[PDB]
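Chemist: Next up is a structure, given as structure tokens.
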């Protein structure tokens, strides 16, 4: 499970809206929230109850505050009509022999355009705006080193701290509540919806079976709940009156074993 920061900056934020905000993620689970309207990094969900080193959240805040100035600075190096969106995907994951594996990706207006080359401590890209933003970020003192320190030192340190002080939160297994409905689409044909309510982790497989034999996955739909749990539904179209030969099979870590679902 990797720790990731979702960073977003806008050049023309609507009134009462942040110009810059960050969510922090441990796997598929949000632990951090930050925006330029409040200027403070705060815990999310169960992580509010996490016993912490007392200087943790202030250090997350100061780091994100530094990123904030940098992101809003990037816009000044751009000369187009605008508006602009600068997105960043910053983070790390623990590798085999103690070491960690970094992730430094950036997108302009929803299109990937920059990365951070950890080998040489440089921002890289081929678009004129990528070179412009890279140059301005290189010009700022300590900036390249703070990106290095962020990804190689503090990130793996935060990750290890969350795995130790909040192991149970990551290991959370919750089975889905399964349902199977049948509805008539185009006359002579029926549709089956295999639904999965409130599960974690999101890793899940729905498989239809025709009279015990394979029928494959239908057309899947996936989404989150408010508590950080998940929801899915797969759909397969079947001939009328032939519904009761088909059944749904779910595979989930909350279950000890794949479970059949009937109508």
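Residues 28-290, in that order, are what chain A shows, numbered as in Swiss-Prot.
For this deposited structure, the header notes the method as X-ray crystallography, 2.6 Å.
Positions of Cβ are set from backbone N, Cα and C atoms, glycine also.
In case it's useful when we look at the structure, here is the feature table from Swiss-Prot:
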- 119-182: disulfide bond (DISULFID)
- 221-275: disulfide bond (DISULFID)
- 202-289: domain 'Ig-like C1-type' (DOMAIN)
- 125: N-linked glycosylation site (CARBOHYD)
- 201-290: region 'Alpha-3' (REGION)
Chemist: To the nearest Å, how far is the Cα of residue 119 (disulfide bond) from the Cα of the residue listed as 'N-linked glycosylation site'?
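Modeler: About 12 Å separate the Cα atoms of these two residues.
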Chemist: Out of 125, 221, 275, which of these recorded positions is nearest residue 182 (disulfide bond) by C-alpha distance?
Modeler: 125
Chemist: In whole Å, note down how far the CA of residue 125 (N-linked glycosylation site) lies from the CA of residue 275 (disulfide bond).
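Modeler: Pair distance, Cα basis, whole Å: 42 Å.
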Chemist: Sorry to bug you, but what's the C-alpha spacing from the residue listed as 'N-linked glycosylation site' to residue 221 (disulfide bond), rounded to the closest Å?
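Modeler: It is 42 Å, counting Cα to Cα.
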Chemist: Other than its own, how many Cβ atoms are within 10 Å of the Cβ belonging to residue 221 (disulfide bond)?
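Modeler: I count 25 other Cβ atoms within 10 Å of it.
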Chemist: For residue 275 (disulfide bond), just give me the three-state DSSP call.
Modeler: strand
Chemist: Might you list, by sequence position, any residue in that chain lying six or more from the residue listed as 'N-linked glycosylation site' with a Cβ less than 8 Å away from its Cβ?
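Modeler: Listed in sequence order: nothing, so none.
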